[PDB]
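Form deposited in one PDB entry, single chain, as structure tokens, below.
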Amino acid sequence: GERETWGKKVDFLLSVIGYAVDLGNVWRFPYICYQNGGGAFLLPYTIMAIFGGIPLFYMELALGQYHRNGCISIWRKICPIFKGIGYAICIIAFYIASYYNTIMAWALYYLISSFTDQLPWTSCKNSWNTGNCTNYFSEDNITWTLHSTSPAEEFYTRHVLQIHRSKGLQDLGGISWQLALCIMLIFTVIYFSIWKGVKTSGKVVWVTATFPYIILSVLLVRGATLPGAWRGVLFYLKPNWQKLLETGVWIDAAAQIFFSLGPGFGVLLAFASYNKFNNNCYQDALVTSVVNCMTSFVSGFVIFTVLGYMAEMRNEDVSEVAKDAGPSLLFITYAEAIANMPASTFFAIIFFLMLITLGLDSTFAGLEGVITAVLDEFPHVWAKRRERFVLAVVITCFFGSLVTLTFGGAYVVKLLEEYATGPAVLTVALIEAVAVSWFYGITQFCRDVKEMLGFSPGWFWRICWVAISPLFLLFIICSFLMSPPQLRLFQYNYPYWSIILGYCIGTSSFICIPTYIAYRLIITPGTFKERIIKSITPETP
């Protein structure tokens, strides 16, 4: 087969690292770690990474490399009835692209807004500011009334978001042309990065996957030298071992590691499908997973040095400084830090460029998974003319993201990020692991891995894939189902119909798998036993 291959091994490694290293490594993991015991949380995170995310990462990489097919078509070679998984994954991508890119747009907007001599989120003198605004790092002579807001909070909520113009999820308001242009530029960059395939995405990730680390090192050096950063680092690391007793800590570690590594989104599979057959996907999986986890740790150091600095300038514990987190931590809290620190313009420019790149590499990977899946599944129509299909994918993602550009767009972004990554994607990943372990047989998968690498996976990997990784995903799914999210943003309690809409989004993502199972059973003739067996067995070309 004349299939495309990575120009260089570094291209694949950096593509995977950029995929797994997103803004979640920077603002999800550190907040979750501090909330769940700080240093103690490194014990769940590690454990659920060793027996959880990493086995699935390696399994997906090996599967994609061996079968050299995308998310949709690969199930022809593993378990045909589960072909619907592919389509489900595609839908998930859309939902992700509906909000993911929007967040990047915000960063881009901030980036542009950060090119001024004085950062616009520095003072309360601006048009968007209201009477509640008060300088965050003001002298103690002026008290911080509970109703007060910081200038950066005003800039985020009223200038860029204009959230004040939306009464909630029911009244999103109009579309902000500024964010519309920002996301249009974002999608132009995305398209022109992933329109010729891996031969261009691999080269683009050289900048989009390494630059975030350069900026992270710069920001770590900046924060470590800030006054009061040691207190922030101590809060980050001070272990609350009692938190390990709570099940919620382990639940959060599981969810964080799964959604950080991203095993089960059809993206690692698509990236591996371009690897050379005999390439070592075991080493690649280990290297990329440890890189992602260490990036999460280092970015937590970066964030919490600054949080401790901010907690020192205000005589407050880091708990009040962090508040509630979200994008409201890199756009309000950290943005306040940049505004206060010297050389604020340069640090803001690099910080928001880092956010843009951290998002861009992951979006490249997420959309490339879908593009590869469709290209492999329907080559008779898309094998050529790939550029126009990628254009169609980008246009569809932009149209899906239009709702997130409204003045109530932040509410929709939070809704999607809470429900797009709900138990639907976890169930899809669990069914992937089950199909490749039980239905396809762990022995056959290990034989394929031996044929690729030359050595069969050890008993640890077999046990993980067969029992623990499916059990890991099932544990997360049960956690998500038996605890609905009471999600809240900007003192706006989400309504119950929003929860029902999130359930609808999740099922629409997942309802592809049962629908295709029923379709495949119906089409295949024979009795029910044969009707099922003939479709479980991988098709032989």
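Take the two forms, find the largest set of C-alpha atoms that superpose within 1.5 Å, and that set is the rigid core. Numbering starts at 1 and follows the sequence shown.
Only in words, not in the display: the form deposited in another entry, which the text now covers.
Novice: At a threshold of 2 angstroms on the CA positions, core aligned, which residue out of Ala254, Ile431, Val412, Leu330 shifts between the shown form and the other one?
Specialist: The one that moves 2 Å or more is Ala254.
Novice: Relative to the superposed rigid core, does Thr46 relocate between the shown form and the other one - that is, does its Cα move 2 Å or more?
Specialist: The answer is yes, as the C-alpha of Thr46 shifts between the shown form and the other one by 2 Å or more after core alignment.
Novice: Does superposing the core leave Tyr31 with a CA shift of 2 Å or more between the shown form and the other one?
Specialist: Yes; that C-alpha moves by at least 2 Å between the shown form and the other one.
Novice: Would you say whether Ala270 is displaced between the shown form and the other one, judging by a C-alpha shift of 2 Å or more on the superposed rigid core?
Specialist: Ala270: C-alpha displaced by less than 2 Å between the shown form and the other one.
Novice: If the C-alpha spacing of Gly18 and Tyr100 moves by 3 Å or more in the other entry, is that a move closer or farther apart?
Specialist: Farther: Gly18 and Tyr100 separate by 3 Å or more in the other entry.
Novice: Given a change of 3 Å or more, say if the Cα atoms of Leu13 and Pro55 sit closer or farther in the other entry than in this form.
Specialist: Farther is correct, given that in the other entry the C-alpha spacing of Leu13 to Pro55 is increased by at least 3 Å.
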